[PDB]
Novice: 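My structure is below; once you've seen it, I'll send some questions.
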Amino acid sequence: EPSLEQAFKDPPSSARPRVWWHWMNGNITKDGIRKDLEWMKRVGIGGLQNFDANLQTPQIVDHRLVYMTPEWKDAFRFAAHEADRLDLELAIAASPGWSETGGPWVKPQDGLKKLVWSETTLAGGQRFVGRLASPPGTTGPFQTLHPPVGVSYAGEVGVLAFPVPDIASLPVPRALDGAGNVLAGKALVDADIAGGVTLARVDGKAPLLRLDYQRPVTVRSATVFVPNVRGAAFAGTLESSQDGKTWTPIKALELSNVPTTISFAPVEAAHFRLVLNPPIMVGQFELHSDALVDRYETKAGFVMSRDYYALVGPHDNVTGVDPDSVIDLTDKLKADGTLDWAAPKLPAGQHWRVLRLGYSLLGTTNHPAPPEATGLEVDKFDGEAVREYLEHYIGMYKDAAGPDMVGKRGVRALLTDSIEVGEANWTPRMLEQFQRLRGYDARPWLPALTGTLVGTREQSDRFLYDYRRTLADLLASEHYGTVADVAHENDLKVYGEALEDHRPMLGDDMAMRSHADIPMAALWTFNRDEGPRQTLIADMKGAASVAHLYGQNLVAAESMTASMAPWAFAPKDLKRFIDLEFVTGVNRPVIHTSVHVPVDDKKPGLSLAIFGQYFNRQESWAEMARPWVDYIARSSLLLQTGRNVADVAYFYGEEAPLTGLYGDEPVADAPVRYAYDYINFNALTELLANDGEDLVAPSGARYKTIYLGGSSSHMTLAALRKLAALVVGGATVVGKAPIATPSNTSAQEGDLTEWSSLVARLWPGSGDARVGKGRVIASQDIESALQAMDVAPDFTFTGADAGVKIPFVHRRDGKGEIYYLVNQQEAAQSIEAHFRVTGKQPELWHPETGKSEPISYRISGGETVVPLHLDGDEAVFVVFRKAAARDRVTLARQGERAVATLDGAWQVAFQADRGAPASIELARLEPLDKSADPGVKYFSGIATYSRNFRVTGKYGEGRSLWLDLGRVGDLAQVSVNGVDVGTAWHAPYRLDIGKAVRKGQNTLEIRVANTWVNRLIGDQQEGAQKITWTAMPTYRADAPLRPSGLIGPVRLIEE
Ligand code: NA
């Protein structure tokens, strides 16, 4: 019912931001829960997401509430009833602690699994005698490795046999450390890859391991493991001494928590050195006569690579085991361990290799929960196991809160925090899943997962790609799809984060969020010098793209996490962060964090370890945060309205996720004057359809073109088929022809030729070809291609310096357009802004106030030009909804005129119990932090400034009167003749008072709030009577104070 103008004045609950609400280490009371949630209502917060966080925190309650005990459950039930009563959306995390999906009700068999194996050799012309050695059952990341500085499970996978050539066995070398110490060489091939030799350090560092032989040996591959390389700083190089003193490097070895295998063109030498460029024990160092899968450990998913296409193999033209030769002996293994097999005869020089595949546990656990609530992360690739995990977990909260308080009331939502559970690469249905998703049998290729080259290096590399891709597919469907299904079956919504930070595991961070009701990302605070963490830009852009393409519309972000900056933020410091989230596509900030306040006496009290935000009822400016939250709620409202408008669908390939591709370097490829969404393989192949020359999704997302970016130079036949079909159906593609498929699917299904035909059709050579009813522009210049399609820029601007960024969001409704602009610079800008819109008279909408303002404009030639002044870091909405009566309006120029400076004496009254005197008189406005009085100097809280002032004008009726406060530390709420005229919380600190003043004498009261910083510093001073309590120390007595109070000058200004 309400108009957009009314909603903008008083945003609805759906527009109001949420907070994270950590319960710190049992420091919980019902009394505090109510005061927390009543504070959130006062301040306009729309919801909260609870965590029971088992991080070591001093006990400030009479007794800690232990997770899921009766008193804890009654506290949570109370929280749920208070959120219901107060109309706050309550969410919980998907596991005890905060991530991911794990707990002690996960049976050992259902934990995360890694592939393990034993190997045996046979003659052929012999019945295998005895027992196949059991694969390792150790919990840990690989084979026999343990987790770093007791629950276990060993499963079966299968038994494979395949012929292999008799190979030149290698002598045991002399192991010389860098110094010349003689090491136990045999321990380098030991059954214990974690236990080998300790290296001595030589001057100039360069620890090395020389392997000197008595004859030349031909080496093709090497495996190395250095225990505890845990940032994880160490490289390694393999060199060969032909003479013992001249070295030619063979290849480098990236080291990690799992072994590293490299393969190369053969080398004949009697001396091999492992050099460890930056107790150093080398657990394994093994040279191989044969060619192994180069870097198989990472390709098999035991450890991540940033870019799997970058793992360029040696060009040695070798071919390994013939896949057709591989035999499945799974049948023949008996529980006894014996194998009943008649090994068929082989050519001479060729023996049998029998591979016994099994699985064992990673052992990773949910965090941070108490031991009783800590247990295995559920197998993320097994939908049934995930469902059992989550149905049980939800059952616990229905018991705790009561079933009436889970679903439509009380607990409304589930949060899947960003995932980091280690590197799992097996799940029991894997062979069926691989067959169904990739279209061919993985069984003949499994030996590649253990290092054994199958077919050509390229075929094994493509199989491993296909294997990694199946794991990524199952993560999205079997974990995140199941989580959303179970939540929905229980009337819950899902807030869903993904990778967030570079590439912690396999998976696509759009697909991982495509099933969630609210795709979610994160943004940390950052110094303006340094800029944001790039991975978090990609994280948010991915999440926004999901919501646009799959129709969720809502885009959440874990907002404004801060590290080692105790209580050092007022809204003036935060605006640029939330504006960056807004302009990237976030429209539901979830503030990190609002720690639960269990007792009132300790101020500012508990914090989530070393992290901020510190946004709870103990914050110094907490009772004046409503205008800040209103700013976020008003911005979110407009940024949820209608649909996102974007012209470019940026296809980023089938390899690394967005936080991987752009974890360090931002996308350099994207348009500037046009908006864009990322599209992944699923979006490309399932959502996009032709609409004339456009590509549309069921959500209403609508694009002029697909851009081939990211890793799309490697493209699968399945993707290419869909792309060709959309082109032929009328769509435009901008990009250069892919150079290869990364997958074996098309070769295995016999579709060799078709990939090349489709490339030849879409990229015939001209570089700009009509293809069916569509068009392929063979360019990597997106804006020049859009120009050649006659697509005008959506937003652009003149009149600013070079390098000035004013990024934008474009929203669209049946009622008109909304552009969101952010001047990402401290310097004010005066621009002419060009919008691709017509027929509408623009207005500026200000989220600070909820008011709209008319603006001059000219409509002409398919665009509207608007002259804009933007303060430093100003964010503003340019709204095109009113039908334009005229095509040009030039508003009368408005001048500014200082009318008076409110200099002279002020009364100041200080919030009680804050170490300050009740009141002072200032002959002159002065920064309180420069005061001679320590109780004023170090004051944190609300100082109330008081004064009268004379007005000799009539205002409102065509002439306005502004109060400019000058410098303010840090925000100020202003009352004129008892009337609240607003609160100024960022520069320029200016408020419209024309309506509240009267002729003659007027009363003025200005409530200035600052941060806790100064009172914290004040408490470190020698002799200090301590006002504050925090868990750990925050500032040294050295620390520079923040400017505090009403600094001014305070001026009356007429238009
Ligand atoms: Na996160």
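One-based numbering, in listed order, for ligands and for the atoms of each. All residue numbers in this chain count up from 1 along the given sequence. The figures that follow rest on heavy atoms only: side chains count, while hydrogens, waters and symmetry mates do not.
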Novice: Please indicate whether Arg387 has more than 12 foreign heavy atoms, meaning atoms of other residues, nucleotides or ligands, lying under 6.0 Å from its CZ.
Specialist: yes
Novice: Before accepting this row, confirm whether a basic side-chain N of the pair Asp501/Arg533 lies closer than 4.0 Å to the acidic partner's carboxylate O.
Specialist: yes
Novice: To make sure I understand the geometry: which N, O or S atom in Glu500 is closest to the Na ion (ligand 1)?
Specialist: OE1
Novice: For the residue pair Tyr662 and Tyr650, does the interplanar ring angle fall in the parallel (under 30°), tilted (30 to 60°) or perpendicular (over 60°) class?
Specialist: perpendicular
Novice: Nearest 10° is fine: what angle sits at the Na ion (ligand 1) between OE1 from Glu558 and OD1 from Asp417?
Specialist: 90°
Novice: Salt-bridge test for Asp873 and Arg528: reply yes if a basic N is under 4.0 Å from a carboxylate O, no otherwise.
Specialist: yes
Novice: Of all the N, O or S atoms in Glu497, which one sits nearest to the Na ion (ligand 1)?
Specialist: OE1
Novice: If the cut-off is 3.0 Å, does any N/O/S atom of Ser418 fall short of it from the Na ion (ligand 1)?
Specialist: yes
